[PDB]
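The next block is query.txt, given as compact mmCIF, C-alpha atoms.
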```txt
# COMPACT_ATOMS: atom_id res chain seq x y z
CA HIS W 42 -57.47 -40.12 -28.13
CA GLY W 43 -57.69 -37.39 -30.86
CA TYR W 44 -60.71 -35.81 -29.21
CA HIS W 45 -59.07 -36.44 -25.84
CA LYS W 46 -55.81 -34.72 -27.05
CA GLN W 47 -57.58 -31.57 -28.28
CA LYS W 48 -59.79 -31.45 -25.16
CA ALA W 49 -56.95 -31.61 -22.66
CA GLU W 50 -55.06 -28.84 -24.56
CA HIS W 51 -58.16 -26.64 -24.77
CA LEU W 52 -58.58 -26.98 -21.02
CA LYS W 53 -54.85 -26.21 -20.38
CA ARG W 54 -55.05 -23.04 -22.55
CA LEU W 55 -58.19 -21.98 -20.65
CA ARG W 56 -56.66 -22.61 -17.24
CA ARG W 57 -53.73 -20.37 -18.34
CA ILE W 58 -56.20 -17.65 -19.43
CA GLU W 59 -58.07 -17.91 -16.15
CA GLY W 60 -54.75 -17.25 -14.22
CA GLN W 61 -54.08 -14.25 -16.48
CA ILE W 62 -57.43 -12.81 -15.40
CA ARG W 63 -56.55 -13.37 -11.73
CA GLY W 64 -53.20 -11.63 -12.59
CA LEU W 65 -55.16 -8.63 -13.87
CA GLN W 66 -57.07 -8.44 -10.62
CA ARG W 67 -53.81 -8.43 -8.65
CA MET W 68 -52.47 -5.66 -10.92
CA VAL W 69 -55.51 -3.49 -10.35
CA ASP W 70 -55.45 -4.28 -6.59
CA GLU W 71 -51.79 -3.09 -6.42
CA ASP W 72 -52.35 -0.07 -8.72
CA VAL W 73 -49.80 -1.34 -11.30
CA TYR W 74 -49.10 1.24 -14.02
CA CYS W 75 -52.00 1.20 -16.51
CA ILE W 76 -49.89 0.58 -19.56
CA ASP W 77 -48.60 -2.58 -17.95
CA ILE W 78 -52.15 -3.64 -17.18
CA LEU W 79 -53.02 -3.05 -20.90
CA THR W 80 -50.16 -5.17 -22.03
CA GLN W 81 -51.60 -8.06 -19.99
CA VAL W 82 -55.16 -7.36 -21.24
CA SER W 83 -53.83 -7.68 -24.78
CA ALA W 84 -51.95 -10.89 -24.02
CA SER W 85 -55.21 -12.34 -22.59
CA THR W 86 -57.37 -11.21 -25.55
CA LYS W 87 -54.82 -12.68 -27.87
CA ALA W 88 -54.73 -16.03 -26.02
CA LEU W 89 -58.53 -16.15 -26.29
CA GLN W 90 -58.30 -15.39 -30.03
CA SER W 91 -55.83 -18.08 -30.51
CA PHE W 92 -58.13 -20.54 -28.65
CA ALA W 93 -61.06 -19.36 -30.91
CA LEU W 94 -59.02 -20.14 -34.07
CA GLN W 95 -58.30 -23.69 -32.91
CA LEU W 96 -61.98 -24.27 -32.23
CA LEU W 97 -62.84 -22.81 -35.62
CA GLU W 98 -60.41 -25.07 -37.36
CA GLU W 99 -61.83 -28.20 -35.66
CA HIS W 100 -65.42 -27.02 -36.37
CA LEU W 101 -64.73 -26.44 -40.07
CA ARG W 102 -62.95 -29.72 -40.42
CA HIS W 103 -65.64 -31.94 -38.85
CA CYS W 104 -68.98 -30.14 -38.69
CA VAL W 105 -68.86 -28.05 -41.86
CA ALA W 106 -67.29 -30.89 -43.89
CA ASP W 107 -69.80 -33.47 -42.66
CA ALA W 108 -72.58 -31.10 -43.87
CA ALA W 109 -71.14 -31.16 -47.39
CA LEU W 110 -71.72 -34.92 -47.48
CA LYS W 111 -75.38 -34.40 -46.43
CA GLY W 112 -76.29 -31.80 -49.04
CA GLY W 113 -76.52 -28.20 -50.16
CA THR W 114 -79.07 -26.92 -47.69
CA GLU W 115 -77.11 -28.45 -44.86
CA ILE W 116 -73.78 -26.94 -45.93
CA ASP W 117 -75.36 -23.49 -46.55
CA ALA W 118 -76.81 -23.52 -43.03
CA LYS W 119 -73.49 -24.53 -41.49
CA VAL W 120 -71.47 -21.98 -43.49
CA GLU W 121 -73.95 -19.21 -42.68
CA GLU W 122 -73.60 -20.01 -38.98
CA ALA W 123 -69.76 -20.24 -39.04
CA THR W 124 -69.53 -16.98 -40.96
CA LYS W 125 -71.77 -15.13 -38.37
CA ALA W 126 -69.52 -16.54 -35.66
CA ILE W 127 -66.37 -15.35 -37.44
CA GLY W 128 -67.97 -11.89 -37.90
CA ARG W 129 -68.48 -11.74 -34.09
CA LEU W 130 -64.86 -12.75 -33.45
CA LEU W 131 -63.66 -10.09 -35.96
CA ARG W 132 -64.99 -7.23 -33.80
CA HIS A 42 -63.51 7.99 -3.54
CA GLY A 43 -63.03 8.62 -7.33
CA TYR A 44 -60.07 6.26 -7.47
CA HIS A 45 -61.93 3.93 -5.11
CA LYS A 46 -65.05 4.03 -7.41
CA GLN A 47 -63.11 3.14 -10.58
CA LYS A 48 -61.10 0.47 -8.74
CA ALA A 49 -64.10 -1.38 -7.35
CA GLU A 50 -65.77 -1.38 -10.81
CA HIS A 51 -62.59 -2.59 -12.54
CA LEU A 52 -62.43 -5.46 -10.07
CA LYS A 53 -66.15 -6.30 -10.55
CA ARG A 54 -65.72 -6.38 -14.37
CA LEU A 55 -62.67 -8.65 -13.94
CA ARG A 56 -64.43 -11.01 -11.56
CA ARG A 57 -67.22 -11.31 -14.21
CA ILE A 58 -64.60 -12.09 -16.89
CA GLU A 59 -62.95 -14.66 -14.67
CA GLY A 60 -66.35 -16.51 -14.30
CA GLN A 61 -66.78 -16.39 -18.09
CA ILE A 62 -63.46 -18.21 -18.43
CA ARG A 63 -64.59 -20.84 -15.91
CA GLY A 64 -67.82 -21.04 -18.03
CA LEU A 65 -65.69 -21.80 -21.09
CA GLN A 66 -63.98 -24.63 -19.25
CA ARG A 67 -67.35 -26.13 -18.33
CA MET A 68 -68.46 -25.84 -21.97
CA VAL A 69 -65.39 -27.66 -23.22
CA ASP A 70 -65.71 -30.26 -20.41
CA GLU A 71 -69.34 -30.98 -21.51
CA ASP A 72 -68.53 -30.88 -25.26
CA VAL A 73 -70.96 -27.95 -25.88
CA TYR A 74 -71.41 -27.20 -29.59
CA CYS A 75 -68.36 -25.25 -30.82
CA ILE A 76 -70.28 -22.34 -32.20
CA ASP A 77 -71.78 -21.78 -28.78
CA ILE A 78 -68.32 -21.91 -27.25
CA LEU A 79 -67.20 -19.25 -29.83
CA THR A 80 -70.05 -17.01 -28.93
CA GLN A 81 -68.83 -17.03 -25.31
CA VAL A 82 -65.18 -16.54 -26.37
CA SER A 83 -66.30 -13.43 -28.25
CA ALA A 84 -68.32 -12.12 -25.31
CA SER A 85 -65.21 -12.55 -23.10
CA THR A 86 -62.84 -10.88 -25.59
CA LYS A 87 -65.28 -8.05 -25.90
CA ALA A 88 -65.60 -7.61 -22.11
CA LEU A 89 -61.78 -7.44 -21.92
CA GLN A 90 -61.76 -4.83 -24.72
CA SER A 91 -64.28 -2.80 -22.96
CA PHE A 92 -62.19 -2.97 -19.74
CA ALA A 93 -59.08 -1.91 -21.82
CA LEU A 94 -60.94 1.18 -23.14
CA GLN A 95 -61.85 2.32 -19.63
CA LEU A 96 -58.24 1.98 -18.53
CA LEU A 97 -57.12 3.87 -21.62
CA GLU A 98 -59.50 6.68 -20.93
CA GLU A 99 -58.30 7.07 -17.32
CA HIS A 100 -54.63 6.84 -18.47
CA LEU A 101 -55.08 9.54 -21.12
CA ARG A 102 -56.93 11.78 -18.76
CA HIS A 103 -54.42 11.70 -15.88
CA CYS A 104 -51.04 10.42 -17.04
CA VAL A 105 -50.89 11.79 -20.58
CA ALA A 106 -52.43 15.15 -19.53
CA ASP A 107 -50.08 15.56 -16.56
CA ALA A 108 -47.15 15.09 -19.02
CA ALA A 109 -48.38 18.03 -21.10
CA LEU A 110 -47.91 20.26 -18.05
CA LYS A 111 -44.31 18.99 -17.63
CA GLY A 112 -43.15 19.57 -21.21
CA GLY A 113 -42.74 18.39 -24.77
CA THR A 114 -40.30 15.56 -24.22
CA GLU A 115 -42.49 14.20 -21.46
CA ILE A 116 -45.69 14.31 -23.52
CA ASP A 117 -43.96 12.76 -26.59
CA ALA A 118 -42.74 9.86 -24.44
CA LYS A 119 -46.18 9.30 -22.94
CA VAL A 120 -47.99 9.52 -26.30
CA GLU A 121 -45.48 7.17 -27.93
CA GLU A 122 -46.09 4.64 -25.16
CA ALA A 123 -49.91 4.94 -25.25
CA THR A 124 -49.92 4.62 -29.02
CA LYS A 125 -47.79 1.37 -28.90
CA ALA A 126 -50.25 0.06 -26.33
CA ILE A 127 -53.25 0.91 -28.52
CA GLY A 128 -51.50 -0.76 -31.50
CA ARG A 129 -51.24 -3.98 -29.39
CA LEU A 130 -54.91 -3.79 -28.43
CA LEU A 131 -55.87 -3.25 -32.12
CA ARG A 132 -54.58 -6.71 -33.12
CA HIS Z 42 -42.16 21.69 -42.52
CA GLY Z 43 -43.21 19.30 -39.66
CA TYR Z 44 -46.86 19.53 -40.65
CA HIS Z 45 -45.78 19.43 -44.29
CA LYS Z 46 -43.66 16.25 -43.61
CA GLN Z 47 -46.50 14.35 -41.92
CA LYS Z 48 -49.01 15.51 -44.57
CA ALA Z 49 -46.98 14.35 -47.55
CA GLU Z 50 -46.42 10.91 -45.90
CA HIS Z 51 -50.11 10.55 -45.01
CA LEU Z 52 -50.98 11.24 -48.63
CA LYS Z 53 -48.33 8.75 -49.91
CA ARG Z 54 -49.69 6.00 -47.59
CA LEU Z 55 -53.23 6.75 -48.82
CA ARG Z 56 -52.24 6.70 -52.48
CA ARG Z 57 -50.68 3.24 -51.83
CA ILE Z 58 -53.93 2.07 -50.17
CA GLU Z 59 -55.98 3.39 -53.06
CA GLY Z 60 -53.87 1.26 -55.53
CA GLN Z 61 -54.39 -1.79 -53.29
CA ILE Z 62 -58.14 -1.30 -53.65
CA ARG Z 63 -57.79 -1.07 -57.44
CA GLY Z 64 -55.67 -4.29 -57.13
CA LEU Z 65 -58.59 -5.97 -55.36
CA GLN Z 66 -60.90 -5.02 -58.20
CA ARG Z 67 -58.52 -6.56 -60.73
CA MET Z 68 -58.35 -9.73 -58.61
CA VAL Z 69 -62.11 -10.06 -58.50
CA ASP Z 70 -62.35 -9.22 -62.24
CA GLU Z 71 -59.88 -12.07 -63.03
CA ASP Z 72 -61.45 -14.52 -60.51
CA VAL Z 73 -58.18 -14.83 -58.51
CA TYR Z 74 -58.37 -17.54 -55.84
CA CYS Z 75 -60.34 -16.18 -52.87
CA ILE Z 76 -57.69 -16.85 -50.29
CA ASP Z 77 -55.31 -14.68 -52.27
CA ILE Z 78 -57.92 -11.96 -52.42
CA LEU Z 79 -58.27 -12.22 -48.58
CA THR Z 80 -54.58 -11.86 -48.11
CA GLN Z 81 -54.73 -8.55 -49.98
CA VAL Z 82 -57.86 -7.43 -48.07
CA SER Z 83 -55.93 -8.01 -44.86
CA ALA Z 84 -52.87 -6.13 -46.11
CA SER Z 85 -55.16 -3.18 -46.98
CA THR Z 86 -57.01 -3.22 -43.63
CA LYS Z 87 -53.69 -3.34 -41.89
CA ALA Z 88 -52.28 -0.40 -43.89
CA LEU Z 89 -55.39 1.60 -42.93
CA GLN Z 90 -54.88 0.64 -39.26
CA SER Z 91 -51.36 1.71 -39.39
CA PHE Z 92 -52.42 5.07 -40.91
CA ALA Z 93 -55.07 5.40 -38.09
CA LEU Z 94 -52.37 4.90 -35.40
CA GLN Z 95 -50.20 7.66 -36.85
CA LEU Z 96 -53.15 10.04 -36.87
CA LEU Z 97 -53.98 9.04 -33.31
CA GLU Z 98 -50.48 9.70 -32.17
CA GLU Z 99 -50.42 13.20 -33.72
CA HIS Z 100 -53.92 13.93 -32.30
CA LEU Z 101 -52.94 12.90 -28.77
CA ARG Z 102 -49.73 14.83 -28.92
CA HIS Z 103 -51.19 18.17 -30.08
CA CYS Z 104 -54.95 18.29 -29.53
CA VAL Z 105 -55.30 16.27 -26.34
CA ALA Z 106 -52.17 17.84 -24.78
CA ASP Z 107 -53.24 21.39 -25.65
CA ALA Z 108 -56.55 20.67 -23.82
CA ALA Z 109 -54.65 19.82 -20.64
CA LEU Z 110 -53.25 23.36 -20.63
CA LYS Z 111 -56.79 24.79 -20.96
CA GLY Z 112 -58.39 22.87 -18.10
CA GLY Z 113 -60.17 19.81 -16.78
CA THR Z 114 -63.43 20.11 -18.67
CA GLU Z 115 -61.52 20.59 -21.89
CA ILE Z 116 -59.27 17.57 -21.37
CA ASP Z 117 -62.22 15.35 -20.31
CA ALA Z 118 -64.08 16.27 -23.50
CA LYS Z 119 -61.05 15.56 -25.67
CA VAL Z 120 -60.24 12.25 -23.95
CA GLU Z 121 -63.88 11.13 -24.15
CA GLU Z 122 -63.86 11.83 -27.88
CA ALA Z 123 -60.49 10.11 -28.55
CA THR Z 124 -61.57 7.08 -26.54
CA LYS Z 125 -64.87 6.73 -28.58
CA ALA Z 126 -62.76 6.96 -31.72
CA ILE Z 127 -60.36 4.26 -30.50
CA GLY Z 128 -63.36 2.06 -29.57
CA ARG Z 129 -64.57 2.36 -33.22
CA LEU Z 130 -61.12 1.46 -34.56
CA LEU Z 131 -60.97 -1.56 -32.18
CA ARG Z 132 -63.93 -3.26 -33.92
CA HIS E 42 -75.87 -15.64 -63.13
CA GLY E 43 -75.08 -16.62 -59.47
CA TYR E 44 -71.37 -16.07 -60.00
CA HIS E 45 -72.22 -13.01 -62.08
CA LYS E 46 -74.48 -11.64 -59.24
CA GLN E 47 -71.82 -12.01 -56.54
CA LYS E 48 -69.11 -10.61 -58.85
CA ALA E 49 -70.98 -7.44 -59.76
CA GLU E 50 -71.76 -6.77 -56.04
CA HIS E 51 -68.15 -7.41 -55.00
CA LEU E 52 -67.03 -4.89 -57.60
CA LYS E 53 -69.67 -2.32 -56.47
CA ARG E 54 -68.55 -2.66 -52.81
CA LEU E 55 -64.92 -2.20 -53.91
CA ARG E 56 -65.67 0.84 -56.04
CA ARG E 57 -67.39 2.36 -52.94
CA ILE E 58 -64.29 1.59 -50.83
CA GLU E 59 -62.01 3.10 -53.45
CA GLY E 60 -64.04 6.42 -53.27
CA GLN E 61 -63.76 6.34 -49.46
CA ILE E 62 -59.98 6.23 -49.83
CA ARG E 63 -60.08 9.20 -52.23
CA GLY E 64 -62.32 10.88 -49.57
CA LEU E 65 -59.58 10.32 -46.99
CA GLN E 66 -57.06 12.00 -49.26
CA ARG E 67 -59.33 15.03 -49.62
CA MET E 68 -59.73 15.16 -45.82
CA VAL E 69 -56.00 15.13 -45.25
CA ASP E 70 -55.49 17.68 -48.08
CA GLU E 71 -58.00 20.06 -46.37
CA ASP E 72 -56.67 19.38 -42.83
CA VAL E 73 -60.08 18.04 -41.62
CA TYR E 74 -60.14 17.43 -37.86
CA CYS E 75 -58.31 14.15 -37.13
CA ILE E 76 -61.14 12.53 -35.26
CA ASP E 77 -63.32 12.97 -38.32
CA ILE E 78 -60.62 11.42 -40.46
CA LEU E 79 -60.52 8.43 -38.01
CA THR E 80 -64.21 7.96 -38.26
CA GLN E 81 -63.84 7.56 -42.03
CA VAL E 82 -60.81 5.26 -41.64
CA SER E 83 -62.95 3.03 -39.44
CA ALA E 84 -65.87 3.06 -41.88
CA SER E 85 -63.43 1.99 -44.64
CA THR E 86 -61.80 -0.78 -42.56
CA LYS E 87 -65.22 -2.01 -41.66
CA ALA E 88 -66.41 -2.04 -45.30
CA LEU E 89 -63.30 -4.09 -46.18
CA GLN E 90 -64.07 -6.50 -43.31
CA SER E 91 -67.54 -6.90 -44.47
CA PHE E 92 -66.28 -7.64 -48.02
CA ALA E 93 -63.80 -10.22 -46.50
CA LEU E 94 -66.68 -12.03 -44.71
CA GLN E 95 -68.66 -12.38 -47.93
CA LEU E 96 -65.64 -13.84 -49.69
CA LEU E 97 -65.07 -16.19 -46.77
CA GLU E 98 -68.62 -17.38 -46.87
CA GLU E 99 -68.46 -18.14 -50.62
CA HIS E 100 -65.03 -19.84 -50.18
CA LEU E 101 -66.27 -22.08 -47.36
CA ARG E 102 -69.40 -22.98 -49.22
CA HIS E 103 -67.76 -24.02 -52.52
CA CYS E 104 -64.04 -24.66 -52.06
CA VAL E 105 -63.96 -26.10 -48.55
CA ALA E 106 -67.12 -28.18 -49.12
CA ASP E 107 -65.89 -29.56 -52.45
CA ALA E 108 -62.73 -30.73 -50.60
CA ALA E 109 -64.85 -32.77 -48.19
CA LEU E 110 -66.13 -34.78 -51.16
CA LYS E 111 -62.53 -35.46 -52.29
CA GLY E 112 -61.18 -36.73 -48.97
CA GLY E 113 -59.58 -36.09 -45.61
CA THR E 114 -56.21 -34.83 -46.74
CA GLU E 115 -57.89 -32.43 -49.11
CA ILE E 116 -60.27 -31.02 -46.49
CA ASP E 117 -57.47 -30.70 -43.88
CA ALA E 118 -55.38 -28.69 -46.36
CA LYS E 119 -58.29 -26.42 -47.22
CA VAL E 120 -59.31 -25.87 -43.59
CA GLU E 121 -55.70 -25.18 -42.57
CA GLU E 122 -55.47 -22.54 -45.29
CA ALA E 123 -58.84 -20.89 -44.49
CA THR E 124 -57.99 -20.81 -40.80
CA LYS E 125 -54.58 -19.05 -41.47
CA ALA E 126 -56.48 -16.56 -43.61
CA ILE E 127 -59.04 -15.91 -40.86
CA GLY E 128 -56.18 -15.48 -38.34
CA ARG E 129 -54.73 -12.73 -40.62
CA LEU E 130 -58.11 -11.00 -40.88
CA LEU E 131 -58.51 -11.18 -37.05
CA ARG E 132 -55.51 -8.88 -36.48
```
Output the file's structure as structure tokens, nothing else.
Amino acid sequence: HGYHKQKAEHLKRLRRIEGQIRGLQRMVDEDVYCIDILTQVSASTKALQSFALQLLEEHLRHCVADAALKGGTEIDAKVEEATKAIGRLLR
Amino acid sequence: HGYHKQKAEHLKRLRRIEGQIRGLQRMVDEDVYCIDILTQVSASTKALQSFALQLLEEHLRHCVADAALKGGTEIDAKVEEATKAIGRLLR
Amino acid sequence: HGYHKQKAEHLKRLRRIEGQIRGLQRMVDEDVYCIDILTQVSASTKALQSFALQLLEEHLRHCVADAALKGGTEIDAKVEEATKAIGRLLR
Amino acid sequence: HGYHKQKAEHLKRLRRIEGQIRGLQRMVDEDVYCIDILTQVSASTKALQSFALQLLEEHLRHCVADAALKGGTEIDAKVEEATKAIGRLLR
């Protein structure tokens, strides 16, 4: 249940993030001080970044590694794709 | 309805972000290719960043400006706080 | 010497960053392990971000505050500009 | 000269970044408007990020791939390291 382990934890992290977004809506609805709203926006963006890093790690480990066993063209295509994805996350 | 305008649009943006997070859960549930999941994580983090910038703009315009009219100590405290908040968003 | 204090420290921070970039060139010239090069790239990007936050703080405190005393149009223009600049730093 | 190609371009990019940092020092020395200084800070941080992505791509392609051919423990160690490095760049 290695897949099943990672999946259940991904879904738990995402459920937590989804509640944070509902929290933000409540904050706006109540006119909570903007700095406090920003603090929660940052906590949410950070939880998403942390989720992205776990996905990246699993991707590199399985997908990108498996391409190395197939050949050069395959690994180049996978690394090019992962690198574009990391570039998007960087912004 | 200037407050009411900004509020309604903040809530619309947040409702959109909340659906994106439910989208991510569906992607994980269906084992969508990880790069595609990352693309959506990045779109969500970016929508949150864009929301944060709008809040910051409104904060600077009203709160931080109003402190300038009160005095030096007041503006220093507000600018110190906004700058810490921006530092958190930067990460 | 409040201006003179901040100026001298800005220049010291920048001189330190400039040496870090020369360090990176030496690392590449010697074929240092790429992860170690990345660690130094990150330290440099972070020192630049930290410099950017100090500038932002001083800008908000003087420029953006002084605009509040002038009027609404003036503060809106200053806040719009600062917010675009922060958006650029965010990426 | 594939190594030699990448090396020469890495060094050219870094020489360009080093001049940008000297540019920043001139800006501060002349008391250039802070927003303009920020614009250059952002251009420099972005050039460094772009350099980091090229290094990452080359690292993944050679180092991380070569570890896949060695075995599981080797690839896990390499992916763990690359992922920590990407986490540092993300901030």
Give me, as a VMD selection string, the residues of chain E touching chain A, with the criterion being at most 10 Å (counting only C-alpha atoms). chain E and resid 129 to 132
Find, counting only C-alpha atoms, the residue in Z:99, Z:53, Z:47, Z:58 that gets nearest to residue 82 in chain E. Z:58
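Between CA of residue 98 in chain Z and CA of residue 112 in chain Z there is a distance of 20.8 Å.
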May I have the residues within 8 Å of range 62-64 of chain W as number ranges by chain, using only C-alpha atoms and disregarding those fewer than 3 positions away in the same chain? W: 58-59, 67-68, 85; A: 55, 58-59
Which residues, protein or nucleic acid, reach to within 12 Å of (-56.8, -30.5, -48.4) in the file's coordinates when using only C-alpha atoms, and can you give that as a ChimeraX atom specification? /W:102,106 /E:104-123
Size and centre in Å, one decimal, axis-aligned box, all listed range 76-87 of chain Z atoms plus 6 Å per side, as lines of an AutoDock Vina configuration file:
```
center_x = -55.6
center_y = -10.0
center_z = -47.2
size_x = 17.4
size_y = 25.7
size_z = 22.5
```
Would you please work out which residue, of E:95, E:42, E:79, E:87, is nearest to residue 65 in chain E when using all atoms listed in the file? E:79
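Minimum atom-to-atom distances from Z:76, Z:127, Z:101, Z:88 to residue 51 in chain Z were compared using all atoms listed in the file, and the lowest value belongs to Z:88.
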Residues near residue 86 in chain W, cut-off 8 Å, all atoms listed in the file, skip fewer than 5 positions along chain, as JSON, numbers by chain: {"A": [86, 89, 90]}
Coordinates-based distance that separates CA of residue 93 in chain Z from CA of residue 103 in chain A (Å, one decimal): 23.1 Å
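From CA of residue 54 in chain Z back to CA of residue 94 in chain A, the distance works out to 27.3 Å.
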